[PDB]
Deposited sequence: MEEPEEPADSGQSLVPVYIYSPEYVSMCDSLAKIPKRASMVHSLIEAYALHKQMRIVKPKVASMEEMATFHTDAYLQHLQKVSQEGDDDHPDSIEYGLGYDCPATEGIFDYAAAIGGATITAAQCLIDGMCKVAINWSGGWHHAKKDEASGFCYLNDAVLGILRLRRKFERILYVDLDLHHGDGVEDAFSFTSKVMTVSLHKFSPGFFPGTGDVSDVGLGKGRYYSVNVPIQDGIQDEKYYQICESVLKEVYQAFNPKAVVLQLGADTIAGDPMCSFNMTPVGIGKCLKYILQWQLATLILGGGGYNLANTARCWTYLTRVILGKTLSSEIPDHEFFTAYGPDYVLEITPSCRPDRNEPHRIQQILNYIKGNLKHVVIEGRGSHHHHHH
């Protein structure tokens, strides 16, 4: 039960060229390796997602088009930034998340990590929010081979609408998203009213949150929701999206989190002793994201880490204090405690149906 770390130098090299996050993959891995955290993990090279494997969520027509315009007329229908090789990066990140879910199927590990995953916005025939393949959905569909109820927990700044779409009609996968919700803020869905459809009704959980929330109140919310969800839903496996665009310093400049608050949520989840699929996602302060997921990886390992950033490839990007610790910004928390409590109340009423 040592954790699986999905990594290979060709895969980090492939990801570090994803145009919206330049060299984030390598900054994350390098930080992780400079701390020697990779020596406490079983390193598994990722497979590339087979076309049959991608088609278990995405349509063949969309999978056709994406691959073609990766090698202009019909691109608008699918929501296409058609970059030369996009299909190959998308498939590689997809296979990386499927590789990790497969290890968890084989009892190889109890925790498998693909920090370069988490592209939660993509719909079955539509790119969205810079996502071209929904590797999270792909990883859940692989987990459905053994596990009969999966809990998806999405802690990105944004609503995981794509994953919640994929399963909004079923009761075998419950989606839980904490996200900024505000008129005009992408993707604009995921109110506490959004609970799903038909047989899946009350199996989407949405926790809409305002700007400026910090560690302690984030965790009280996340633990209150998760505690009830665990009783009502009783999942057998967990997929966890831990995008870092909630952390102070992020250009998104919305939440005011530090990785310790996120790490507490992860620690509460890890205590369920279930199979668990760790993914990344957003995070547009590259060193802060590297800081966050390095810290989260130490949480998973239960190790300790010194505060000084080790000397390594990207040390210069860790100004000004060159430490692991992220300091919140002097910004107002805009979360009325009573709006939060009503949300919790509404969600408990939705969960009692389960």
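- In this chain the deposited sequence has gaps in the coordinates at 1-13, 85-89, 99-102, 377-389, listed in sequence order.
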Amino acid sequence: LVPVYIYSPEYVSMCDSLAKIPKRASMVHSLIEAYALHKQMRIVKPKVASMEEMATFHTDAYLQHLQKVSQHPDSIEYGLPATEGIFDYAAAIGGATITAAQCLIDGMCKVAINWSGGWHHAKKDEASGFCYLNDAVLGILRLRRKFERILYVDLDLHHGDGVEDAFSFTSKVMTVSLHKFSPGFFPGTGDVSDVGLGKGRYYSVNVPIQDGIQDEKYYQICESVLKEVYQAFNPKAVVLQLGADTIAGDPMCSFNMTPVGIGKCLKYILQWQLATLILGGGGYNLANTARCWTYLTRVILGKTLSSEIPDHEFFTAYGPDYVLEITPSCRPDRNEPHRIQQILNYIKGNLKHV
From here on, numbers count along this sequence of modelled residues.
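- For the pair 306-314 and 282-290, the mean Cα B-factor is higher in 306-314.
- Mean CA temperature factor is higher for 60-68 when stretches 60-68 and 292-300 are set side by side in the entry.
- Of the candidates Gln241, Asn114, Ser128, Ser75, the one whose C-alpha carries the top B factor in the deposited record is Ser75.
- Out of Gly160, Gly85, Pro251, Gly94, the entry records its largest CA B-factor for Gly85.
- Among all modelled residues in its chain, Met257 ranks in the lowest third by Cα B-factor.
- When the modelled residues of the chain are ordered by their C-alpha B factor, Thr170 lands in the middle third.
- Remark: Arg145 belongs to the highest third of its chain, ranked by C-alpha B-factor as recorded.
- Sort the chain's modelled residues by C-alpha temperature factor and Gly263 lands in the middle third, per the entry.
- Among all modelled residues in this chain, the alpha-carbon of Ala100 has a temperature factor (C-alpha) in the middle third.
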